[PDB]
Amino acid sequence: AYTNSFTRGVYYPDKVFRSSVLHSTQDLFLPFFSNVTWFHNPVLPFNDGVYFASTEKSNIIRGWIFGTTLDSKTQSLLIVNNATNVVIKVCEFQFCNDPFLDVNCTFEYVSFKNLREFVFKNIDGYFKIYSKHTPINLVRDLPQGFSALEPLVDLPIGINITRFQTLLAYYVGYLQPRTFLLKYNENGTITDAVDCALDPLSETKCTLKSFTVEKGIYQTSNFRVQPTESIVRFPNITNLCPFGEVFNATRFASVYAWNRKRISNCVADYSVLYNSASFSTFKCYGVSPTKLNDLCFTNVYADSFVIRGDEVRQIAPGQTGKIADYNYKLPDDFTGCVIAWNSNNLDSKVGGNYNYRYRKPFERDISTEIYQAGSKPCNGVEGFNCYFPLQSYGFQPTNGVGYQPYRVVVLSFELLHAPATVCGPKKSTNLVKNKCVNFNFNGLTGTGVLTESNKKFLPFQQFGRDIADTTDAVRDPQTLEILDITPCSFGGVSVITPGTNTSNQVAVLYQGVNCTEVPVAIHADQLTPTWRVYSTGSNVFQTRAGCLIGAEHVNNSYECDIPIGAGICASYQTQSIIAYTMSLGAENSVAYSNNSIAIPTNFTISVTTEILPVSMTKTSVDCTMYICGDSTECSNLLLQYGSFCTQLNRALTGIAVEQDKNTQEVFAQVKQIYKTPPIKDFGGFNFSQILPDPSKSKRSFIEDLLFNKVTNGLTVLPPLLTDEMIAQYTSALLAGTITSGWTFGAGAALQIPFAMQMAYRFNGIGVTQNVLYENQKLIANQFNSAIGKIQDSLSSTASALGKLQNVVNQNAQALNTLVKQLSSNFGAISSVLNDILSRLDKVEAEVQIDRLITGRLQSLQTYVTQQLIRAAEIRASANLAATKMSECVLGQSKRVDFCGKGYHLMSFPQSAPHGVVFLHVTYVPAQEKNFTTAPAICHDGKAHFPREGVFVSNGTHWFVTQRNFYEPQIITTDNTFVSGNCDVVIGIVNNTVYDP
Amino acid sequence: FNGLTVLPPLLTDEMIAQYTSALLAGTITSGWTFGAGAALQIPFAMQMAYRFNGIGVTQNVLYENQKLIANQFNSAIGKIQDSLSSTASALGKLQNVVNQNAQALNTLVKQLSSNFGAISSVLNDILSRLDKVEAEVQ
Amino acid sequence: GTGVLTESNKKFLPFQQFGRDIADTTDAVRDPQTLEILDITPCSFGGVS
Amino acid sequence: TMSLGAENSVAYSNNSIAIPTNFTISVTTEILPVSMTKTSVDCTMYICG
Amino acid sequence: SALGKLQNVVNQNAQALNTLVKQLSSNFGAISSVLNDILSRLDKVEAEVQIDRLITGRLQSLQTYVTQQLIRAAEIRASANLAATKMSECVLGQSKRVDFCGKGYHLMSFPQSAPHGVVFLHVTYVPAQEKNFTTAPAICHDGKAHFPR
Ligand SMILES: *[C@@H]1O[C@H](CO)[C@@H](O[C@@H]2O[C@H](CO)[C@@H](O)[C@H](O)[C@H]2NC(C)=O)[C@H](O)[C@H]1NC(C)=O
Ligand SMILES: *[C@@H]1O[C@H](CO)[C@@H](O[C@@H]2O[C@H](CO)[C@@H](O)[C@H](O)[C@H]2NC(C)=O)[C@H](O)[C@H]1NC(C)=O
Ligand SMILES: *[C@@H]1O[C@H](CO)[C@@H](O[C@@H]2O[C@H](CO)[C@@H](O)[C@H](O)[C@H]2NC(C)=O)[C@H](O)[C@H]1NC(C)=O
Ligand SMILES: *[C@@H]1O[C@H](CO)[C@@H](O[C@@H]2O[C@H](CO)[C@@H](O)[C@H](O)[C@H]2NC(C)=O)[C@H](O)[C@H]1NC(C)=O
Ligand SMILES: *[C@@H]1O[C@H](CO)[C@@H](O[C@@H]2O[C@H](CO)[C@@H](O)[C@H](O)[C@H]2NC(C)=O)[C@H](O)[C@H]1NC(C)=O
Ligand SMILES: *[C@@H]1O[C@H](CO)[C@@H](O[C@@H]2O[C@H](CO)[C@@H](O)[C@H](O)[C@H]2NC(C)=O)[C@H](O)[C@H]1NC(C)=O
Ligand SMILES: *[C@@H]1O[C@H](CO)[C@@H](O)[C@H](O)[C@H]1NC(C)=O
Ligand SMILES: *[C@@H]1O[C@H](CO)[C@@H](O)[C@H](O)[C@H]1NC(C)=O
Ligand SMILES: *[C@@H]1O[C@H](CO)[C@@H](O)[C@H](O)[C@H]1NC(C)=O
Ligand SMILES: *[C@@H]1O[C@H](CO)[C@@H](O)[C@H](O)[C@H]1NC(C)=O
Ligand SMILES: *[C@@H]1O[C@H](CO)[C@@H](O)[C@H](O)[C@H]1NC(C)=O
Ligand SMILES: *[C@@H]1O[C@H](CO)[C@@H](O)[C@H](O)[C@H]1NC(C)=O
Ligand SMILES: *[C@@H]1O[C@H](CO)[C@@H](O)[C@H](O)[C@H]1NC(C)=O
Ligand SMILES: *[C@@H]1O[C@H](CO)[C@@H](O)[C@H](O)[C@H]1NC(C)=O
Ligand SMILES: *[C@@H]1O[C@H](CO)[C@@H](O)[C@H](O)[C@H]1NC(C)=O
Ligand SMILES: *[C@@H]1O[C@H](CO)[C@@H](O)[C@H](O)[C@H]1NC(C)=O
Ligand SMILES: *[C@@H]1O[C@H](CO)[C@@H](O)[C@H](O)[C@H]1NC(C)=O
Ligand SMILES: *[C@@H]1O[C@H](CO)[C@@H](O)[C@H](O)[C@H]1NC(C)=O
Ligand SMILES: *[C@@H]1O[C@H](CO)[C@@H](O)[C@H](O)[C@H]1NC(C)=O
Ligand SMILES: *[C@@H]1O[C@H](CO)[C@@H](O)[C@H](O)[C@H]1NC(C)=O
Ligand SMILES: *[C@@H]1O[C@H](CO)[C@@H](O)[C@H](O)[C@H]1NC(C)=O
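First things first, this report covers the structure right here in the doc.

## A look at unusual backbone geometry
Residue and element names in this part refer to chain A. Positive phi, normally seen in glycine, also occurs at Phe 6, with a value near 50 degrees. Here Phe 6 is to be found in the loop between strand 1 (2-4) and strand 2 (16-17). Phi at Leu 70 takes a positive value of approximately 60 degrees, unusual for a residue other than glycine. Mapped onto the secondary structure, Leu 70 falls in the loop between strand 7 (63-67) and strand 8 (77-81).

See the structure below:
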């Protein structure tokens, strides 16, 4: 019988306080929503540790036995409660299946409406116990909910437990290795958890380290099709190799005349030779002797001779001495083995066996040509300073060991190149095409898909290679057809989420994967590590970008919420996640004709917003303190690397000073600290929210929203201008802009009434200035209301300031990464430097320290190089901000869409963390009407054109009007100018042109 | 195929062609107005008079020469087709963005054939030929 | 370690012996002879200009 | 503490304008870099001499 | 001191090559920082293990130099594009972009050459000697409002 585990069985992983934090940890845990066995008893397996529970208030459940034999034959745990105490012992006990109530000992210790919970696990010889108590109402199943179990007991007793039983409603489950994300509150209790492998949303929560995720698409994983089967393809040789004639023959050669045997067309078994005790050495080079049976070769050459026992040291690559110089040399990149033994009884004899003698790589020459000891005419004949080239070994069996004869076999291997022809003893399999498989062609191992091919190998060619050396096609050794290899299908895995705030559903995209490969592979119905079973969630759909699982395809085309790729988007709708081809927008046939114009009859003022970065957090690094932790031994090694721990400080000093330049270039545009008048008769425009609030530093109201909505060896440094100095500059800029127009940008500020300044801002966009005064209250109300909406927009969402937030988040991520890279081993024995200094002699310790120096130096260069790139990216924004302040704030830019959308009027800066915010104010025309139009008018045969503005008719009368606001005027001469007669102009019309 | 991949662009080229078409259709029927607000239609020879004022040439100069001006424009777009049709090296900037990435990937892939001082550039050789304690070093 | 040990307000649970930072750096300890919680700070360092 | 510059109450009202009555032509230098030293290095001869 | 920008372009290239040349003298853990010592004192099997440390250290030194020059070249290109723009707009024209072609209302500018750079002489009108007046946005005549053209 079984029951759902829900979220039960989490326990405190370590005796560490952590608070207000989400922490990621790997341990033996009960997986969420697993099946727990139920009981009302037998012995049970213990496995890799147990979660245990019971509903109780009778207290019939009294203890446990843990062990292997449960009684007598070995030490076994007894854990019992007797109401006086909890009791533990480990004895070779003397009790039956149930010695309990009617309703050595090398260690011992002493200390329904409710449920008891426990966890038992056993690691490093320590047996550990965790616990909880709770009230409950539900008796019929485990209480669905959460509460972390806390440690009680931790004991060095070391028993190899494989079974347990309860001593006399109760429940059992098994722990398994998993990653969990845990939530610690302000008082450092665990209060929630995520089981990362459970589902795609749980992968996403663990990927982001968050218990909630926003709407979007997130990568969590990579998908690869697994090898379904294994193949061995070998030459089908029956013959076995002639090693007795190599190793055990009578005539092992004298060393200057060394013998070579070629081996070919046979199956070997090097393990038989390697396992033999007969050899005083079995040293090997580019192959380990354990691996030799798995390999295959074009040739083996056995080189054979007898030599004096102490001289065997010359038989290696790179050696020197008379045997190497004149008798037999190995090449200095020898691939194979040297095997030798004390052949004292075999090769020595009581006459001192004079049959043996000594005198480039694999040279042999038996020549009698004399060793001359000088430039004499020795002429090949013996004499003083003229000596025969061979000398005899005095091999008597009574010799001391270094003077006895030893036999030597050298095995030199020629690899698979041409068709392999000496081979290990391996079993060949059948060949299988089109599947993802492991394969082994003559010891050439790999994983992939095998198919037919059209590759015309020339008869000597055995396999093809790609640009990366990787084997691209193979001839099968048993049937000479050419097979293509191809790598098994793979891609990035991404989770589409509506926002956990909004829904729990998800869809999964297998990027670039064909759906036929997916739902019976690493996704579902086969070997499915972490990318767990749901072969369909309801629908499986092939997009251009990859296979998409669990989303509903739609034939409509909406706007895009979650973009997938190749014009596909997804969103959550009437409910399910849908997927569709996106629409670029509403289609609009513009109402064109050769004679019709639309003129706006009304406008809106609009206040937009634009946010720009201006400076990173400044930093400098004491690279000796960071790399070496103030250890003297490490500091002395770090001298050998020269100037690196100085050009790093020089680079970061360049970054640091440039931040104060960026801030000064953006804000210090103004020579004097202008201040606002006491009166506020700015024609009804209400700046109270953007001017300083003196009751606040003296920031504006909107600046106080912006400063709230954004929120070792490594030393941070302060900015030069303080946040109160930046607020003085944004105040001075704003006070100049209000009281004096652009004039404070061209030397001395000239005062002008604000309503007249706006009349000139209108006069810059081609709207005739009377249009402002005649609409002055309306315009002031539109502006005041628009400033009001900025407060609500900035109040509405945390996503409003994402640009400035990304300067903060990247600096924190970079520094945290640079700190966490202290803990990495880089292949050294430990990442804690004091281990290496304490556990090892200095000669070994240096090599380990040098890996940590190398890893930390490569980490620190990696950090500094990203700060250079990231600072260059911020400087492009600082130059843009200084430009927008020069043209928009200090002026009125005519550059289309530079200072906000619409025709530009003015803008106001407000300070913010690491950046600036501009409130660009723009005119937008808003209520158009169609009119008939003609490019000219003919009066007395003279063709008239308007001086400024355009001719229009309401269908009966003709007027001229300005291009951006309907205001019809009678066509007097003074609105117009003549040029020539009617006839050259297209579309000219007849009207009166009036003379004043 | 060595763990390298190429992802598709979000906007497919038949979507890009609808944006460049819309920008062009706005620019013909409505001048600059569709940047400043909702598009306002105007006759094209009347848009060109505003463009002439925008360079300080008086608008009567257009109408007094409209047939000539149209022919000069049409002729230039003819020469554009012959130039682009003729000279494949004209797109040298874009073609370098293609070529530079091809060399970047080819270098990254070819580096898998380097030894860096190991016994072999091919990882499965080492794993076939050597036992663990030595294979780690390589 | 090394640092300026200080008296602190931290509220460790009975089984917890020491505290860690957001970046996993050890930064508070229970004194094993008097079960109040201390706060650990590295000894001061800085560039000399 | 650095000074950002002299403070200035602009003499604003809803009915006062200031207009200039003279001018200066002024000539201002601006300096921009355009190119580095064109440099080349033999990576065989530097590393291996 | 006006030319501090151009002189700093000279100084950074001088410091970069000095740093690259100094690093030839660093051991990086080899028995000597002079390659012919290794080749004259040691036989090849030993020598290659020492030489490989110099090759590694000198190569990491050289990649560090080339990467900082790639970044500095892009940082100069941003200035070359700005100078090319100021020459097209300020010299070949009269820019209305406020504070672009020197402070004040821009009239014209002249180029002068300088080693590794360019110097612009921006000529500008700056108003002076201002007087207060009373002002009003419009004037009534015969009950109709008037505004200045
Ligand atoms: C070919 O012949 C030459 C002699 O003419 C051989 O030279 C010997 O090479 C070894 C190198 O290990 C030296 O120690 C000897 O001193 C050389 N001999 C003389 C007389 O100088 C050469 O090794 C031969 N090569 C082959 C492959 O057989
Ligand atoms: C121009 O648009 C504005 C709104 O942006 C119009 O003002 C509104 O007019 C209606 C009556 O027609 C009132 O109910 C609203 O309270 C007005 N709003 C404001 C902010 O005052 C204005 O009437 C339009 N002008 C013309 C000539 O149609
Ligand atoms: C300028 O606008 C602000 C709001 O943006 C006005 O301040 C509000 O005024 C009323 C009436 O005195 C108070 O009830 C509110 O509490 C004020 N709001 C805040 C947030 O303080 C201000 O009165 C306007 N002033 C002028 C001259 O128009
Ligand atoms: C075109 O505009 C003219 C002038 O605004 C309009 O003519 C006026 O029409 C009203 C009645 O709607 C008469 O009371 C006025 O006496 C007319 N004035 C003049 C100068 O004729 C005319 O109605 C408009 N036509 C259309 C088709 O809208
Ligand atoms: C504008 O009005 C004039 C008359 O005032 C029109 O000119 C006449 O057009 C007819 C038809 O082409 C000719 O037969 C007459 O000889 C013309 N008379 C004169 C005095 O030129 C003219 O066609 C009208 N224009 C438009 C565009 O309708
Ligand atoms: C202005 O220059 C254009 C050429 O750029 C001249 O246009 C040509 O004029 C001749 C007659 O002189 C016609 O045969 C051609 O067909 C015209 N070319 C085109 C493209 O139409 C124009 O005549 C010149 N105008 C003046 C006043 O000199
Ligand atoms: C396993 O658990 C699920 C609920 O999570 C349940 O439907 C299923 O029947 C259980 N299977 C067994 C064999 O207990
Ligand atoms: C409980 O066990 C202890 C020894 O562990 C023993 O002294 C005590 O008498 C027991 N209590 C009862 C009620 O039997
Ligand atoms: C007692 O322990 C020793 C080892 O310490 C072991 O040899 C012996 O068999 C044990 N006897 C019992 C009864 O467990
Ligand atoms: C556990 O098993 C090992 C052999 O696998 C044995 O050497 C050891 O003594 C056992 N320890 C205990 C306490 O049972
Ligand atoms: C945290 O502990 C304090 C006492 O140390 C207590 O006042 C407070 O209510 C606790 N808060 C939570 C969220 O447990
Ligand atoms: C060599 O001979 C001995 C017996 O003299 C035998 O044990 C050994 O296996 C033989 N080895 C080979 C390779 O024949
Ligand atoms: C060996 O290969 C040949 C050629 O394909 C085949 O005819 C023969 O049956 C094979 N023999 C064995 C024992 O595999
Ligand atoms: C989820 O977001 C929507 C707005 O997109 C909001 O209305 C809703 O209240 C949010 N869900 C929760 C649990 O508050
Ligand atoms: C996916 O694979 C099947 C064969 O398994 C093939 O018929 C289909 O055309 C493929 N589709 C794509 C888009 O690759
Ligand atoms: C969507 O279009 C396909 C053909 O392109 C069709 O098979 C499908 O039935 C359509 N769906 C609906 C709801 O009409
Ligand atoms: C202008 O007229 C056309 C029909 O001629 C109509 O489609 C369009 O909506 C009209 N525009 C306005 C603003 O009334
Ligand atoms: C406008 O277009 C119509 C139809 O194409 C044509 O009859 C008329 O002559 C044209 N008028 C002008 C001024 O181009
Ligand atoms: C240690 O002993 C002293 C008395 O000698 C006592 O005051 C103190 O509370 C004890 N601390 C602990 C943790 O037992
Ligand atoms: C303008 O200033 C100059 C000196 O810069 C002076 O000589 C000249 O007389 C002044 N002109 C007027 C009209 O005040
Ligand atoms: C204008 O008059 C005010 C006093 O009303 C005075 O403070 C200010 O300095 C005068 N400005 C000029 C340009 O004379």
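## A short note on the interface of chain D and chain E
Listed by partner, the interface residues are 29 residues for chain D and 48 residues for chain E. Between chain D and chain E lies a buried interface of about 3,600 Å² when both sides are counted; carbon and sulfur atoms form 63% of it. Contact with chain E buries area across many residues of chain D, yet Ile 31, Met 36 and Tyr 46 of chain D alone supply 22% of it, more than any other trio. Run the count over chain D and chain E and you get 1 salt bridge. Linking chain D with chain E are 19 residue pairs in polar contact. Taken together, the elements giving at least two residues each to the side of chain D that touches chain E come down to strand 2 (16-33) and helix 1 (43-48) of chain D. By residue class, the composition of the side of chain D that touches chain E is 17 nonpolar, 11 polar and 1 charged. Pairing analysis gives 17 bridges linking strand 2 of chain D to strand 2 (residues 117-134) of chain E, with the strands arranged antiparallel. The partner of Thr 29 of chain D across the bridge, within strand 2 of chain E, is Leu 121 of chain E.

## Here's the deal with the sheet that holds strand 15 (residues 170-174) of chain A
Residues and elements named next belong to chain A. Taking strand neighbours across the sheet as the criterion, the 7 strands line up as 1-4-15-6-11-12-13 in an open arrangement whose pairing is antiparallel. Of all strands in the sheet, those with a lone pairing partner are strand 1 and strand 13 (150-155), marking the two edges. The average angle at which neighbouring strand axes cross in this sheet is 25 degrees, direction not considered. Relative to strand 13, strand 12 (residues 126-135) runs antiparallel, the two sharing 5 bridges. Of the residues in strand 13, the one forming a bridge with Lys 128 is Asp 154.

## Details of the site of ligand 10
All names here are of chain A. In the vicinity of ligand 10, the residues found are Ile 157, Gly 158, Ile 159 and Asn 160. For ligand 10, an oxygen atom lies 2.3 Å from a polar atom in the side chain of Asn 160. Protein chains bury 27% of the 370 Å² of accessible surface belonging to ligand 10 in isolation. Here the residues of the shell around ligand 10 are counted per class, giving 2 nonpolar, 2 polar and no charged.

## Examining the interface of chain B and chain A
On the chain A side, the residues contacting the 45 residues of chain B number 57 residues. When contributions to the side of chain B that touches chain A are tallied by element, the ones reaching two or more residues are helix 1 (13-30), helix 2 (33-36), helix 3 (44-53), helix 4 (60-63), helix 6 (92-110) and helix 7 (123-129) of chain B. Across the side of chain B that touches chain A, the residue classes break down as 23 nonpolar, 18 polar and 4 charged.

Reading guide: rules and limits
Residues numbered from 1 in each chain as written, not as in the entry; some residues may be left out. Chains lettered and ligands numbered in written order. Part of a larger assembly, values for the part shown. Heavy atoms only, no water. Residues with missing side-chain atoms left out of burial classes, pairs and counts. Helix = DSSP H or I, 4+ residues; strand = E, 2+ residues; numbered from the N terminus. Contact = heavy atoms within 4.5 Å. Buried area = accessible area lost by both parts, 1.4 Å probe. Salt bridge = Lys/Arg side-chain N within 4 Å of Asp/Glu carboxyl O. Polar contact = N/O pair within 3.5 Å; in protein donor to acceptor, adjacent residues only side chain to side chain. Nonpolar A, V, L, I, M, F, W, Y, C, P; charged D, E, K, R; others polar. Pairing = 2+ DSSP bridges. Axes fitted to C-alpha atoms, helices over the stretch in contact; angles between N-to-C directions. Near = heavy atom within 4 Å. Areas by Shrake-Rupley, 256 points an atom, 1.4 Å probe, with all protein chains shown as cover.

Limitation: the analysis is restricted to geometry and does not speak to function.
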